[PDB]
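First comes the structure, then the notes that go with it.
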Amino acid sequence: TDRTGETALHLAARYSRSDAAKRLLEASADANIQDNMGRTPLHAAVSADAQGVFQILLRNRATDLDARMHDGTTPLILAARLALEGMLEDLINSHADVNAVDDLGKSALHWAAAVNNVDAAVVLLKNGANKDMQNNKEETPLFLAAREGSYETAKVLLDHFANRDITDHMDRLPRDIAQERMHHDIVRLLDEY
């Protein structure tokens, strides 16, 4: 390790060093070691769009697909926030916990909604993601979609019959938060279901 706390395996991932990764893993290098922010080589691979090391890390049994950063972030959440649909999907197929949440209670679906990542919202829903999940502030993915103006994802959530009546800690509906933020397209949209 060094100054960022990264291991040779972390570096292999950040700089798409495929051969280096295998060699390290074959010598029993720990694939779940945390850097200064708690990221494991898998987080690194996801964060750098390093397809080679990524796949290698997934094929590696010992790898913890639900590894958590110091704020609770998982590779899946990371994948949904960065708009990396291939990785998101491979993680899901390799059985990552679709319903896991970070330190705020946000699942990957919550984040897909916030950043209007329609594609991940569908794959996640297709694979068990709880559509009405509330984070620690009692916000549901749809509430987030409404708040951020994520019309396209909001529609997916609504087409999946997501509950429009679940309010946040301030007892506000997706429709309310979308109104106080001038996302009129969403208000209309909400009134359509």
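Convention: chains lettered A, B, ... in structure tokens order; per-chain residue numbering from 1; ligands numbered from 1 as shown.
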Within 7 Å of region 99-110 of chain A: each region 4-91 of chain A residue with its shortest pair, only C-alpha atoms, as a Markdown table:
```
| residue | atom | partner | partner_atom | distance |
| --- | --- | --- | --- | --- |
| A:71 | CA | A:103 | CA | 5.4 |
| A:72 | CA | A:102 | CA | 3.8 |
| A:73 | CA | A:102 | CA | 5.0 |
| A:76 | CA | A:108 | CA | 6.5 |
| A:77 | CA | A:108 | CA | 4.5 |
| A:80 | CA | A:108 | CA | 6.1 |
```
- [ ] Write down as a PyMOL selection string the residues of region 2-139 of chain A whose backbone DSSP state falls under helix (DSSP H, G or I).
- [x] chain A and resi 8-14+18-26+41-48+51-59+75-81+85-93+108-114+118-126
TODO: Please identify all polymer residues within 8 Å of residue 68 (chain A), counting only C-alpha atoms, omitting same-chain residues fewer than 6 positions from it, and present them as a list in words.
DONE: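 Once the nearby chain positions are removed, what remains is residues 38, 39, 74, 75 and 102 of chain A.
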Open item on the list: Restricting the calculation to only C-alpha atoms: of A:153, A:93, A:84, A:139, which residue gets closest to residue 116 (chain A)?
Closed with: A:153
Which residues are close to residue 21 (chain A), i.e. within 8 Å by only C-alpha atoms, leaving aside same-chain residues fewer than 2 positions away? Reply as a PDB file with N, CA and C atoms, in the first residue's frame.
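Resulting contents of part-v4.pdb:
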```pdb
ATOM      1  N   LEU A   9      -3.075  -4.667  -6.582  1.00  0.00           N
ATOM      2  CA  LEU A   9      -4.316  -5.101  -7.196  1.00  0.00           C
ATOM      3  C   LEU A   9      -5.210  -3.880  -7.442  1.00  0.00           C
ATOM      4  N   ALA A  12      -3.743  -2.400 -10.526  1.00  0.00           N
ATOM      5  CA  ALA A  12      -3.976  -3.248 -11.685  1.00  0.00           C
ATOM      6  C   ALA A  12      -5.334  -2.900 -12.251  1.00  0.00           C
ATOM      7  N   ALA A  13      -6.271  -2.613 -11.353  1.00  0.00           N
ATOM      8  CA  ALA A  13      -7.636  -2.276 -11.728  1.00  0.00           C
ATOM      9  C   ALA A  13      -7.770  -0.867 -12.275  1.00  0.00           C
ATOM     10  N   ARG A  17      -4.733  -3.090 -16.023  1.00  0.00           N
ATOM     11  CA  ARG A  17      -3.647  -4.050 -16.173  1.00  0.00           C
ATOM     12  C   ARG A  17      -4.266  -5.428 -15.977  1.00  0.00           C
ATOM     13  N   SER A  18      -4.684  -6.058 -17.065  1.00  0.00           N
ATOM     14  CA  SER A  18      -5.306  -7.368 -16.966  1.00  0.00           C
ATOM     15  C   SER A  18      -4.362  -8.479 -16.519  1.00  0.00           C
ATOM     16  N   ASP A  19      -3.252  -8.678 -17.227  1.00  0.00           N
ATOM     17  CA  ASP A  19      -2.319  -9.742 -16.849  1.00  0.00           C
ATOM     18  C   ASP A  19      -1.849  -9.612 -15.414  1.00  0.00           C
ATOM     19  N   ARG A  23      -2.193 -12.559 -12.358  1.00  0.00           N
ATOM     20  CA  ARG A  23      -0.988 -13.002 -11.667  1.00  0.00           C
ATOM     21  C   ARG A  23      -1.094 -12.775 -10.159  1.00  0.00           C
ATOM     22  N   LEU A  24      -1.607 -11.612  -9.760  1.00  0.00           N
ATOM     23  CA  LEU A  24      -1.746 -11.284  -8.347  1.00  0.00           C
ATOM     24  C   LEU A  24      -2.750 -12.209  -7.685  1.00  0.00           C
ATOM     25  N   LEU A  25      -3.879 -12.417  -8.350  1.00  0.00           N
ATOM     26  CA  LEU A  25      -4.926 -13.277  -7.810  1.00  0.00           C
ATOM     27  C   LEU A  25      -4.462 -14.715  -7.697  1.00  0.00           C
ATOM     28  N   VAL A  53     -10.003  -6.110 -15.945  1.00  0.00           N
ATOM     29  CA  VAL A  53      -9.860  -6.450 -14.532  1.00  0.00           C
ATOM     30  C   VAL A  53     -11.219  -6.769 -13.908  1.00  0.00           C
ATOM     31  N   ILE A  56     -12.388 -10.119 -14.594  1.00  0.00           N
ATOM     32  CA  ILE A  56     -11.476 -11.009 -13.898  1.00  0.00           C
ATOM     33  C   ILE A  56     -11.845 -11.073 -12.432  1.00  0.00           C
TER      34      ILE A  56
END
```
Please list as a PDB file with C-alpha atoms, in the first residue's frame every residue within 8 Å of residue 168 (chain A), counting only C-alpha atoms and excluding residues in the same chain fewer than 6 positions away.
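That gives us around.pdb:
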```
ATOM      1  CA  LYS A 137     -35.161   9.976   4.835  1.00  0.00           C
ATOM      2  CA  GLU A 138     -38.238   7.986   3.854  1.00  0.00           C
ATOM      3  CA  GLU A 139     -37.625   8.814   0.178  1.00  0.00           C
ATOM      4  CA  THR A 140     -38.509   6.243  -2.461  1.00  0.00           C
ATOM      5  CA  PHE A 143     -39.600  10.536  -4.950  1.00  0.00           C
TER       6      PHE A 143
END
```
Task: Best match for closeness to residue 35 (chain A) among A:156, A:58, A:69, A:182, counting only C-alpha atoms - done: A:69
Task: Counting only C-alpha atoms, the option among A:6, A:185, A:49, A:171 closest to residue 83 (chain A) - done: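 That would be A:49, the residue with the smallest distance to residue 83 (chain A).
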Would you list the contacts of residue 184 (chain A) as a PDB file with N, CA, C and O atoms, in the first residue's frame, taking every protein, DNA or RNA residue within 10 Å and counting only C-alpha atoms, but skipping same-chain residues closer than 5 positions in sequence?
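To be explicit, this is the file written out as around10.pdb:
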```
ATOM      1  N   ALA A 146     -38.747  12.261  -9.055  1.00  0.00           N
ATOM      2  CA  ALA A 146     -39.569  13.464  -9.069  1.00  0.00           C
ATOM      3  C   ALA A 146     -38.728  14.678  -8.699  1.00  0.00           C
ATOM      4  O   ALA A 146     -38.706  15.669  -9.418  1.00  0.00           O
ATOM      5  N   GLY A 149     -36.054  15.664 -11.416  1.00  0.00           N
ATOM      6  CA  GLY A 149     -36.534  15.895 -12.765  1.00  0.00           C
ATOM      7  C   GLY A 149     -36.250  14.734 -13.700  1.00  0.00           C
ATOM      8  O   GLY A 149     -36.233  14.909 -14.923  1.00  0.00           O
ATOM      9  N   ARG A 175     -45.154  14.082  -6.010  1.00  0.00           N
ATOM     10  CA  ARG A 175     -45.837  15.192  -6.669  1.00  0.00           C
ATOM     11  C   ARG A 175     -45.568  16.543  -6.014  1.00  0.00           C
ATOM     12  O   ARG A 175     -45.489  17.565  -6.693  1.00  0.00           O
ATOM     13  N   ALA A 178     -41.796  17.586  -6.566  1.00  0.00           N
ATOM     14  CA  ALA A 178     -41.595  17.947  -7.965  1.00  0.00           C
ATOM     15  C   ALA A 178     -42.224  19.308  -8.259  1.00  0.00           C
ATOM     16  O   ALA A 178     -41.846  19.975  -9.222  1.00  0.00           O
ATOM     17  N   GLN A 179     -43.195  19.712  -7.440  1.00  0.00           N
ATOM     18  CA  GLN A 179     -43.857  20.996  -7.643  1.00  0.00           C
ATOM     19  C   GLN A 179     -43.000  22.118  -7.076  1.00  0.00           C
ATOM     20  O   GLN A 179     -42.837  23.156  -7.714  1.00  0.00           O
ATOM     21  N   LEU A 189     -47.012  14.151 -15.652  1.00  0.00           N
ATOM     22  CA  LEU A 189     -46.757  12.716 -15.710  1.00  0.00           C
ATOM     23  C   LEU A 189     -47.357  11.990 -14.528  1.00  0.00           C
ATOM     24  O   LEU A 189     -48.014  10.977 -14.696  1.00  0.00           O
ATOM     25  N   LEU A 190     -47.127  12.489 -13.325  1.00  0.00           N
ATOM     26  CA  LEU A 190     -47.690  11.825 -12.165  1.00  0.00           C
ATOM     27  C   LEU A 190     -49.211  11.756 -12.247  1.00  0.00           C
ATOM     28  O   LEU A 190     -49.794  10.738 -11.914  1.00  0.00           O
TER      29      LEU A 190
END
```
TODO: To one decimal in Å, tell me the separation between CA of residue 158 (chain A) and CA of residue 113 (chain A).
DONE: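 Spanning CA of residue 158 (chain A) to CA of residue 113 (chain A) is a straight-line distance of 11.6 Å.
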- [ ] Point out the residue among A:135, A:7, A:63, A:34 with the least atom-to-atom distance to residue 91 (chain A), counting only C-alpha atoms.
- [x]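 Of A:135, A:7, A:63, A:34, the one nearest residue 91 (chain A), counting only C-alpha atoms, is A:63.
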Task: Within 12 Å of residue 121 (chain A) using only C-alpha atoms, minus same-chain residues under 4 positions, as a ChimeraX atom specification - done: /A:77,79-81,83,85,88-89,98,107-117,125-131,141-142,145,150,152-160
C-alpha atoms of the current selection, written as a PDB file, in the first residue's frame:
```
ATOM      1  CA  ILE A  77     -24.480   1.459  -6.865  1.00  0.00           C
ATOM      2  CA  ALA A  79     -22.202   1.138 -11.664  1.00  0.00           C
ATOM      3  CA  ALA A  80     -25.707   2.655 -11.631  1.00  0.00           C
ATOM      4  CA  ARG A  81     -24.407   6.161 -10.815  1.00  0.00           C
ATOM      5  CA  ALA A  83     -24.051   4.819 -16.215  1.00  0.00           C
ATOM      6  CA  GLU A  85     -24.896  -0.712 -17.969  1.00  0.00           C
ATOM      7  CA  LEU A  88     -24.328  -3.240 -13.664  1.00  0.00           C
ATOM      8  CA  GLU A  89     -25.807  -6.168 -15.513  1.00  0.00           C
ATOM      9  CA  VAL A  98     -29.771  -5.813  -5.915  1.00  0.00           C
ATOM     10  CA  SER A 107     -30.274   1.319  -3.111  1.00  0.00           C
ATOM     11  CA  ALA A 108     -28.972   1.270  -6.679  1.00  0.00           C
ATOM     12  CA  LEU A 109     -32.534   1.856  -7.848  1.00  0.00           C
ATOM     13  CA  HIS A 110     -32.686   5.017  -5.705  1.00  0.00           C
ATOM     14  CA  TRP A 111     -29.563   6.259  -7.443  1.00  0.00           C
ATOM     15  CA  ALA A 112     -30.640   5.168 -10.919  1.00  0.00           C
ATOM     16  CA  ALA A 113     -33.715   7.346 -10.288  1.00  0.00           C
ATOM     17  CA  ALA A 114     -31.695  10.320  -9.069  1.00  0.00           C
ATOM     18  CA  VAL A 115     -29.383  10.393 -12.089  1.00  0.00           C
ATOM     19  CA  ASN A 116     -32.134   9.437 -14.543  1.00  0.00           C
ATOM     20  CA  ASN A 117     -30.399   6.182 -15.540  1.00  0.00           C
ATOM     21  CA  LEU A 125     -36.509  -3.897 -11.678  1.00  0.00           C
ATOM     22  CA  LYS A 126     -36.359  -6.922 -13.937  1.00  0.00           C
ATOM     23  CA  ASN A 127     -34.148  -8.473 -11.244  1.00  0.00           C
ATOM     24  CA  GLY A 128     -35.971  -8.006  -7.922  1.00  0.00           C
ATOM     25  CA  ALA A 129     -35.150  -4.407  -6.966  1.00  0.00           C
ATOM     26  CA  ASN A 130     -37.701  -3.260  -4.395  1.00  0.00           C
ATOM     27  CA  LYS A 131     -39.555  -0.479  -6.264  1.00  0.00           C
ATOM     28  CA  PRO A 141     -36.782   5.983  -5.847  1.00  0.00           C
ATOM     29  CA  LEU A 142     -39.771   7.700  -7.444  1.00  0.00           C
ATOM     30  CA  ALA A 145     -36.890  10.831  -9.675  1.00  0.00           C
ATOM     31  CA  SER A 150     -35.745  12.369 -13.938  1.00  0.00           C
ATOM     32  CA  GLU A 152     -37.780   9.045 -18.081  1.00  0.00           C
ATOM     33  CA  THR A 153     -36.987   6.957 -15.005  1.00  0.00           C
ATOM     34  CA  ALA A 154     -40.056   8.283 -13.203  1.00  0.00           C
ATOM     35  CA  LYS A 155     -42.106   6.863 -16.033  1.00  0.00           C
ATOM     36  CA  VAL A 156     -40.473   3.468 -15.643  1.00  0.00           C
ATOM     37  CA  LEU A 157     -41.166   3.488 -11.930  1.00  0.00           C
ATOM     38  CA  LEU A 158     -44.773   4.572 -12.610  1.00  0.00           C
ATOM     39  CA  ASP A 159     -45.187   1.903 -15.320  1.00  0.00           C
ATOM     40  CA  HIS A 160     -44.017  -0.593 -12.695  1.00  0.00           C
TER      41      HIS A 160
END
```
TODO: Choose the residue, out of A:124, A:48, A:133, A:8, that has the smallest atom-to-atom separation from residue 82 (chain A); count only C-alpha atoms.
DONE: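 Closest to residue 82 (chain A) of all the choices is A:48.
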Open item on the list: Would you compute the distance between CA of residue 37 (chain A) and CA of residue 78 (chain A)? Give it in Å to one decimal.
Closed with: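 If I compute the distance from CA of residue 37 (chain A) to CA of residue 78 (chain A), I get 13.6 Å.
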